[PDB]
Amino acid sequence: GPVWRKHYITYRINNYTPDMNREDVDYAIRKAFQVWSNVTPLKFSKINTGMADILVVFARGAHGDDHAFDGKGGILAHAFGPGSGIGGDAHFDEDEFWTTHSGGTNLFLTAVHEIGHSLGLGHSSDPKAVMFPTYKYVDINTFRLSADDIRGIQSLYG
């Protein structure tokens, strides 16, 4: 699929979830981007004005992208592939309970995952891969991209 044709990519939080406080949201997202720039020559920059490559949104139900969320459970989030406009944007189902750790849907892991799609990643068949299609809470202390995650992302960006 198309990949971002630039290594300097900006993102912007459009709106905040009420489940976590702001600094926890900011932290999760930022950390989430760091997971991917840690193993690539990509470099992420949060902006607070103007238009970003990747727009992080919290929303419930139908939110204007023709892919409605489904309330609590089922679909947690989706993200659009690299592109202009909605391209690369990552949306989070506000009807999930977003958390810094467990007792909800962990924002950090979920954003590491969506961000991966936002960069043009597919899914993996390794259950230890962050791009694995099934969500499960894993230990963030021992969090690590799998080989499969590393091979895929560096095949798009080096």
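We call the rigid core whatever largest set of C-alpha positions still superposes within 1.5 Å between the two forms. For every residue, the number given is its place in the sequence shown, counted from 1.
Two stretches, 133-141 and 16-24, are weighed by how far their CA atoms sit from the shown form in 6 other deposited structures of this protein after rigid core superposition; the farther one is 133-141. Between 122-130 and 108-116, the larger mean CA deviation from the shown form in 6 other deposited structures of this protein, after core superposition, belongs to 122-130. Stretches 11-19 and 133-141 differ in mean CA B factor, with 133-141 having the higher one. Mean CA B-factor, 104-112 versus 64-72: the higher value falls on 64-72.
In this entry, the residue among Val57, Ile29, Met51, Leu119 with the greatest C-alpha B factor is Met51. Going by the entry's values, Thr40 shows the largest Cα B-factor out of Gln34, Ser124, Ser45, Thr40.
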